[PDB]
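This document opens with one chain alone, in C-alpha coordinates, the form deposited without the ligand.
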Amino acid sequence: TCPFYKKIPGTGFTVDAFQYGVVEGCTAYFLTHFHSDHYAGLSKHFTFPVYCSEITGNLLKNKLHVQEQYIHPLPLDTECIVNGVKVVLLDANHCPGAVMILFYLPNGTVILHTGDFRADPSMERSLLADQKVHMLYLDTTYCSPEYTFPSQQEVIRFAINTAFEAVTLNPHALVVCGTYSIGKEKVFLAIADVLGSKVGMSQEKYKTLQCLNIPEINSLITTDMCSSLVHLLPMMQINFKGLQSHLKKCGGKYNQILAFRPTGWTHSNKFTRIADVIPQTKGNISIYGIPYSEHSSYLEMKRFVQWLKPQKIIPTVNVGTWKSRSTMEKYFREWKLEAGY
(Lines give C-alpha, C1' and ligand atoms only; values in the text may rest on other atoms or scores of the structure.)
Protein backbone atom coordinates (compact mmCIF):
# COMPACT_ATOMS: atom_id res chain seq x y z
CA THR A 1 0.00 0.00 0.00
CA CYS A 2 1.10 3.54 -0.98
CA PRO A 3 1.97 5.76 2.09
CA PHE A 4 0.34 9.22 2.49
CA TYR A 5 3.53 11.21 1.89
CA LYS A 6 3.60 9.74 -1.73
CA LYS A 7 0.09 11.01 -2.69
CA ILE A 8 -0.70 14.49 -3.86
CA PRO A 9 -4.14 15.44 -2.48
CA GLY A 10 -6.67 16.78 -4.91
CA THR A 11 -4.98 15.17 -7.90
CA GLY A 12 -4.67 11.83 -9.57
CA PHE A 13 -0.89 12.05 -8.94
CA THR A 14 1.73 10.01 -7.08
CA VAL A 15 5.44 10.75 -6.66
CA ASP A 16 8.07 7.98 -6.55
CA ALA A 17 5.39 5.21 -5.98
CA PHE A 18 6.04 2.40 -8.40
CA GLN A 19 6.44 -0.45 -5.78
CA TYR A 20 2.76 -0.75 -4.76
CA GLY A 21 1.32 -2.05 -8.08
CA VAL A 22 -1.48 -0.04 -9.71
CA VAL A 23 -2.22 2.76 -7.18
CA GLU A 24 -6.04 3.24 -6.91
CA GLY A 25 -7.07 6.42 -8.77
CA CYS A 26 -3.57 7.30 -10.05
CA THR A 27 -3.72 8.80 -13.59
CA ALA A 28 -0.05 9.93 -13.63
CA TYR A 29 3.08 8.72 -11.90
CA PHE A 30 5.87 11.27 -11.28
CA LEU A 31 9.50 10.15 -10.89
CA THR A 32 11.80 12.71 -9.23
CA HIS A 33 15.08 10.95 -10.10
CA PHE A 34 16.72 7.65 -11.18
CA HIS A 35 17.78 6.16 -7.85
CA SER A 36 16.57 2.60 -7.04
CA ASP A 37 14.58 3.31 -3.81
CA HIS A 38 12.58 5.78 -5.94
CA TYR A 39 12.09 3.88 -9.22
CA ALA A 40 11.50 0.51 -7.36
CA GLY A 41 8.87 -1.29 -9.48
CA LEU A 42 9.30 0.30 -12.92
CA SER A 43 10.22 -2.05 -15.81
CA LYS A 44 9.43 -2.56 -19.51
CA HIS A 45 5.98 -3.93 -18.59
CA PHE A 46 4.85 -0.61 -17.04
CA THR A 47 1.86 0.84 -18.96
CA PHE A 48 0.94 4.13 -17.21
CA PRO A 49 2.23 7.63 -18.05
CA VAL A 50 5.49 8.47 -16.26
CA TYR A 51 6.40 12.16 -15.92
CA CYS A 52 10.08 13.06 -15.24
CA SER A 53 12.98 15.05 -16.59
CA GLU A 54 14.64 14.40 -19.99
CA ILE A 55 17.64 12.75 -18.29
CA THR A 56 15.48 10.50 -16.09
CA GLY A 57 13.59 9.65 -19.34
CA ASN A 58 16.82 8.60 -21.13
CA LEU A 59 17.58 6.25 -18.23
CA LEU A 60 14.04 4.79 -18.07
CA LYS A 61 14.20 3.98 -21.79
CA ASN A 62 17.78 2.66 -22.02
CA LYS A 63 18.43 1.09 -18.65
CA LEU A 64 14.98 -0.13 -17.55
CA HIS A 65 13.48 -0.60 -21.07
CA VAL A 66 10.31 1.31 -20.31
CA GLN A 67 8.50 1.86 -23.56
CA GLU A 68 8.79 5.23 -25.17
CA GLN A 69 5.01 5.84 -25.39
CA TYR A 70 4.75 5.85 -21.57
CA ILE A 71 7.72 8.25 -21.02
CA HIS A 72 6.74 11.89 -20.66
CA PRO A 73 9.82 14.14 -20.33
CA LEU A 74 9.22 17.74 -19.21
CA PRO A 75 11.55 20.74 -19.53
CA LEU A 76 12.72 22.43 -16.36
CA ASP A 77 11.62 25.85 -15.21
CA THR A 78 8.54 25.75 -17.43
CA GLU A 79 4.86 25.77 -16.59
CA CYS A 80 3.33 22.58 -18.05
CA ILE A 81 -0.29 21.25 -17.86
CA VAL A 82 -0.60 17.59 -16.83
CA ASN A 83 -4.18 16.07 -16.68
CA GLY A 84 -5.54 19.59 -16.10
CA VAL A 85 -3.05 20.60 -13.38
CA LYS A 86 -0.24 23.13 -13.76
CA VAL A 87 3.18 21.77 -12.75
CA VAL A 88 6.77 22.91 -12.85
CA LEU A 89 10.00 20.88 -12.53
CA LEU A 90 12.94 22.51 -10.82
CA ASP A 91 16.53 21.43 -10.49
CA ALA A 92 16.96 19.50 -7.18
CA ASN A 93 20.83 19.85 -7.04
CA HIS A 94 20.91 16.08 -6.35
CA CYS A 95 22.11 13.64 -9.11
CA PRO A 96 21.79 14.19 -12.86
CA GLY A 97 18.14 14.67 -13.91
CA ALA A 98 16.88 15.01 -10.29
CA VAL A 99 13.95 17.37 -9.94
CA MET A 100 11.70 19.02 -7.38
CA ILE A 101 8.01 19.30 -8.49
CA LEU A 102 5.70 22.28 -7.92
CA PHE A 103 1.96 21.46 -8.08
CA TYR A 104 -0.70 24.21 -8.47
CA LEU A 105 -3.91 22.52 -7.25
CA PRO A 106 -7.27 23.51 -8.81
CA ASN A 107 -8.45 24.83 -5.38
CA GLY A 108 -5.51 27.32 -5.02
CA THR A 109 -3.18 25.23 -2.86
CA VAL A 110 0.49 25.10 -3.95
CA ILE A 111 2.58 22.02 -3.08
CA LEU A 112 6.40 21.67 -3.43
CA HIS A 113 7.75 18.06 -3.44
CA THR A 114 11.55 18.31 -3.11
CA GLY A 115 12.30 14.72 -4.14
CA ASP A 116 15.88 14.24 -3.01
CA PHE A 117 17.69 17.59 -2.88
CA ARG A 118 20.68 19.53 -1.68
CA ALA A 119 19.23 22.90 -0.80
CA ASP A 120 21.08 25.89 -2.13
CA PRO A 121 20.57 29.70 -1.93
CA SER A 122 20.24 29.77 -5.75
CA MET A 123 16.84 28.03 -5.30
CA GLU A 124 15.68 31.23 -3.70
CA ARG A 125 15.73 32.79 -7.29
CA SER A 126 13.93 30.02 -9.15
CA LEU A 127 10.20 30.20 -9.91
CA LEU A 128 9.77 29.45 -6.18
CA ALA A 129 10.23 33.14 -5.37
CA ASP A 130 7.00 34.17 -7.18
CA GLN A 131 4.38 32.63 -4.82
CA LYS A 132 3.43 31.03 -1.63
CA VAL A 133 3.72 27.32 -0.78
CA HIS A 134 1.17 25.74 1.50
CA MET A 135 2.68 22.18 1.76
CA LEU A 136 6.31 21.05 1.56
CA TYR A 137 7.19 17.38 1.09
CA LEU A 138 10.78 17.58 2.38
CA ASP A 139 13.84 15.45 1.95
CA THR A 140 14.81 15.20 5.58
CA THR A 141 17.75 12.75 5.14
CA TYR A 142 20.07 14.86 7.38
CA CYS A 143 17.59 16.77 9.51
CA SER A 144 19.71 16.90 12.69
CA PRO A 145 22.36 19.49 13.79
CA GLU A 146 25.11 16.91 13.98
CA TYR A 147 24.95 16.55 10.18
CA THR A 148 27.65 18.87 8.97
CA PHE A 149 29.84 18.35 5.93
CA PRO A 150 31.75 20.67 3.58
CA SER A 151 30.67 22.16 0.27
CA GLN A 152 30.98 19.97 -2.82
CA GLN A 153 33.62 22.46 -4.12
CA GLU A 154 35.98 21.99 -1.08
CA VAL A 155 35.62 18.18 -1.25
CA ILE A 156 36.48 18.20 -4.97
CA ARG A 157 39.47 20.47 -4.27
CA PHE A 158 40.71 18.02 -1.68
CA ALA A 159 40.37 15.05 -4.07
CA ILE A 160 41.98 16.83 -7.08
CA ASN A 161 45.06 17.90 -4.98
CA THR A 162 45.35 14.50 -3.33
CA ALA A 163 45.23 12.63 -6.63
CA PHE A 164 47.48 15.04 -8.53
CA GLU A 165 50.08 14.98 -5.75
CA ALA A 166 50.09 11.13 -5.60
CA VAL A 167 50.41 10.54 -9.32
CA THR A 168 53.02 13.31 -9.76
CA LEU A 169 55.18 11.58 -7.12
CA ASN A 170 54.51 8.16 -8.60
CA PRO A 171 53.60 8.11 -12.34
CA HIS A 172 52.82 4.40 -11.94
CA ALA A 173 49.99 4.95 -9.37
CA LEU A 174 46.35 4.16 -10.33
CA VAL A 175 43.36 6.09 -9.07
CA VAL A 176 40.12 4.19 -8.38
CA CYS A 177 36.74 5.77 -7.60
CA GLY A 178 33.79 3.79 -6.19
CA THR A 179 30.21 4.19 -7.53
CA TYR A 180 26.82 2.40 -7.12
CA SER A 181 24.31 4.64 -8.80
CA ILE A 182 24.26 7.91 -10.70
CA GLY A 183 25.28 11.10 -8.91
CA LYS A 184 28.68 12.35 -7.68
CA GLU A 185 30.19 12.14 -11.19
CA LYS A 186 32.15 15.29 -10.52
CA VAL A 187 34.46 13.26 -8.21
CA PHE A 188 35.86 11.06 -10.92
CA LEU A 189 35.55 13.60 -13.75
CA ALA A 190 37.46 16.28 -11.89
CA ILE A 191 40.27 13.93 -10.88
CA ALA A 192 40.58 12.57 -14.48
CA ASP A 193 40.65 16.09 -15.86
CA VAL A 194 43.57 17.19 -13.60
CA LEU A 195 45.55 14.03 -14.55
CA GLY A 196 44.89 14.36 -18.32
CA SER A 197 43.21 10.95 -18.39
CA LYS A 198 39.85 9.51 -19.47
CA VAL A 199 37.83 7.57 -16.94
CA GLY A 200 37.83 3.81 -17.52
CA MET A 201 34.72 1.79 -16.63
CA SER A 202 32.54 -1.25 -17.37
CA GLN A 203 30.22 -1.21 -20.37
CA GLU A 204 27.11 -1.06 -18.11
CA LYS A 205 28.47 2.09 -16.36
CA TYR A 206 29.54 3.69 -19.64
CA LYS A 207 25.95 3.12 -20.96
CA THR A 208 24.53 4.87 -17.91
CA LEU A 209 26.83 7.87 -18.24
CA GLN A 210 25.91 8.21 -21.96
CA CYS A 211 22.26 8.93 -20.88
CA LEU A 212 23.13 12.01 -18.80
CA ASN A 213 23.54 14.91 -21.29
CA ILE A 214 27.02 15.75 -19.91
CA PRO A 215 28.76 18.02 -22.49
CA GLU A 216 31.83 16.56 -24.13
CA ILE A 217 31.25 13.17 -22.41
CA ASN A 218 32.77 11.25 -25.33
CA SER A 219 36.06 13.11 -24.51
CA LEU A 220 35.94 12.12 -20.76
CA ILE A 221 35.03 8.41 -20.42
CA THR A 222 36.00 5.10 -22.04
CA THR A 223 35.59 1.36 -21.74
CA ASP A 224 39.29 0.81 -22.52
CA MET A 225 40.63 0.30 -18.99
CA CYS A 226 44.27 0.00 -19.98
CA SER A 227 44.45 3.44 -21.60
CA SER A 228 43.09 5.15 -18.43
CA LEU A 229 44.62 6.01 -15.05
CA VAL A 230 41.29 6.75 -13.31
CA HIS A 231 39.12 3.60 -13.00
CA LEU A 232 35.53 3.32 -11.74
CA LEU A 233 34.50 0.24 -9.83
CA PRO A 234 31.39 -0.75 -7.87
CA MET A 235 31.45 0.72 -4.36
CA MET A 236 31.52 -2.76 -2.86
CA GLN A 237 34.85 -3.50 -4.35
CA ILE A 238 36.43 -0.43 -2.61
CA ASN A 239 38.32 -2.41 0.05
CA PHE A 240 41.83 -3.89 0.40
CA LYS A 241 40.75 -7.31 -1.03
CA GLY A 242 38.85 -5.91 -3.98
CA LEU A 243 41.56 -3.39 -4.87
CA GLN A 244 44.45 -5.95 -4.50
CA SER A 245 42.56 -8.16 -6.93
CA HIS A 246 41.97 -5.23 -9.33
CA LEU A 247 45.68 -4.31 -9.29
CA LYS A 248 46.54 -7.87 -10.43
CA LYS A 249 44.29 -7.36 -13.50
CA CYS A 250 46.20 -4.42 -14.99
CA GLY A 251 49.21 -6.63 -15.67
CA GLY A 252 51.90 -4.75 -13.74
CA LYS A 253 50.99 -1.44 -15.39
CA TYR A 254 50.55 -0.08 -11.85
CA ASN A 255 52.23 -0.55 -8.48
CA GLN A 256 49.99 1.64 -6.22
CA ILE A 257 46.28 2.35 -5.84
CA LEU A 258 44.83 5.47 -4.47
CA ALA A 259 41.02 4.97 -4.07
CA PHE A 260 38.12 7.28 -3.11
CA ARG A 261 34.83 6.20 -1.47
CA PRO A 262 32.43 9.10 -1.63
CA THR A 263 29.98 8.54 1.19
CA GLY A 264 27.40 10.94 2.55
CA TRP A 265 28.02 11.88 6.18
CA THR A 266 30.21 9.82 8.49
CA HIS A 267 30.82 10.61 12.33
CA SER A 268 34.44 11.53 11.44
CA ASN A 269 32.64 14.89 10.47
CA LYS A 270 31.93 15.77 14.16
CA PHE A 271 35.72 15.94 14.81
CA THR A 272 37.73 16.28 11.56
CA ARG A 273 38.08 19.09 8.99
CA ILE A 274 38.21 18.10 5.29
CA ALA A 275 41.84 19.40 5.15
CA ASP A 276 42.73 16.92 7.97
CA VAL A 277 41.26 13.73 6.34
CA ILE A 278 43.67 10.78 6.12
CA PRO A 279 43.34 7.46 4.42
CA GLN A 280 43.31 3.85 5.55
CA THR A 281 46.49 2.32 4.11
CA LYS A 282 47.65 -1.31 3.61
CA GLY A 283 50.89 -1.68 1.69
CA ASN A 284 50.67 0.07 -1.66
CA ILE A 285 46.84 0.68 -1.29
CA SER A 286 45.29 3.85 0.22
CA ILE A 287 41.43 4.40 0.61
CA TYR A 288 40.02 7.86 1.36
CA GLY A 289 36.41 8.24 2.55
CA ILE A 290 35.31 11.66 1.33
CA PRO A 291 32.00 13.32 2.46
CA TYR A 292 30.62 14.33 -0.94
CA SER A 293 26.87 14.85 -0.22
CA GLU A 294 23.99 15.27 -2.62
CA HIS A 295 21.60 15.88 0.27
CA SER A 296 21.17 19.13 2.28
CA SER A 297 23.17 19.58 5.46
CA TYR A 298 21.05 20.55 8.51
CA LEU A 299 22.01 24.22 8.07
CA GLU A 300 21.24 24.28 4.32
CA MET A 301 17.83 22.62 4.90
CA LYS A 302 16.93 24.99 7.73
CA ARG A 303 17.81 28.06 5.61
CA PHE A 304 15.74 26.82 2.66
CA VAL A 305 12.73 26.10 4.88
CA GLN A 306 12.97 29.45 6.77
CA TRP A 307 13.14 31.23 3.42
CA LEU A 308 10.18 29.27 1.97
CA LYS A 309 7.92 29.57 5.04
CA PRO A 310 5.64 26.66 4.26
CA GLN A 311 2.38 26.28 6.15
CA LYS A 312 2.79 22.55 6.65
CA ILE A 313 5.82 20.24 6.32
CA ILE A 314 5.60 16.53 5.46
CA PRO A 315 9.01 14.68 5.75
CA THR A 316 9.71 11.93 3.22
CA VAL A 317 12.88 10.42 4.89
CA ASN A 318 13.43 8.99 8.40
CA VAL A 319 9.66 8.63 8.88
CA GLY A 320 9.70 5.00 10.20
CA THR A 321 10.37 5.70 13.92
CA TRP A 322 8.47 7.68 16.49
CA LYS A 323 11.75 9.05 17.79
CA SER A 324 12.79 10.42 14.33
CA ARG A 325 9.37 11.84 13.60
CA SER A 326 9.32 13.59 16.99
CA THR A 327 12.86 14.93 16.55
CA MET A 328 12.03 16.37 13.12
CA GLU A 329 8.75 18.06 14.31
CA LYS A 330 10.77 19.71 17.09
CA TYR A 331 13.23 21.21 14.66
CA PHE A 332 10.41 22.42 12.40
CA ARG A 333 8.78 24.24 15.36
CA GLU A 334 12.12 25.85 16.39
CA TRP A 335 12.66 27.02 12.83
CA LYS A 336 9.18 28.47 12.59
CA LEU A 337 9.43 30.24 15.99
CA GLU A 338 12.86 31.64 15.22
CA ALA A 339 11.78 33.10 11.83
CA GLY A 340 8.23 34.20 12.84
CA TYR A 341 6.08 32.48 10.19
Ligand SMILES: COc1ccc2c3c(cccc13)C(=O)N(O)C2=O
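All residue numbers are counted from 1 along the displayed sequence.
Unshown form solved in complex with the ligand; subsequent notes refer to it.
Each of 33, 38 and 180 comes within 4.5 Å of the ligand in the deposited bound form, counting any heavy atom. For the chain shown alone, residue 113 is not a contact residue for the ligand in the deposited bound form, no non-hydrogen atom being within 4.5 angstroms.
At the 4.5 Å threshold, heavy atoms of residue 61 stay clear of the ligand in the deposited bound form, well away from it. At the 4.5 Å threshold, heavy atoms of residue 231 stay clear of the ligand in the deposited bound form, well away from it. Residues within 4.5 angstroms of the ligand in the deposited bound form, judged by any non-hydrogen atom, belong to 180-188 and to none of the other stretches in 194-202, 78-86, 222-230, 180-188. Residues of 285-304 placing a heavy atom within 4.5 Å of the ligand in the deposited bound form: 295 alone.
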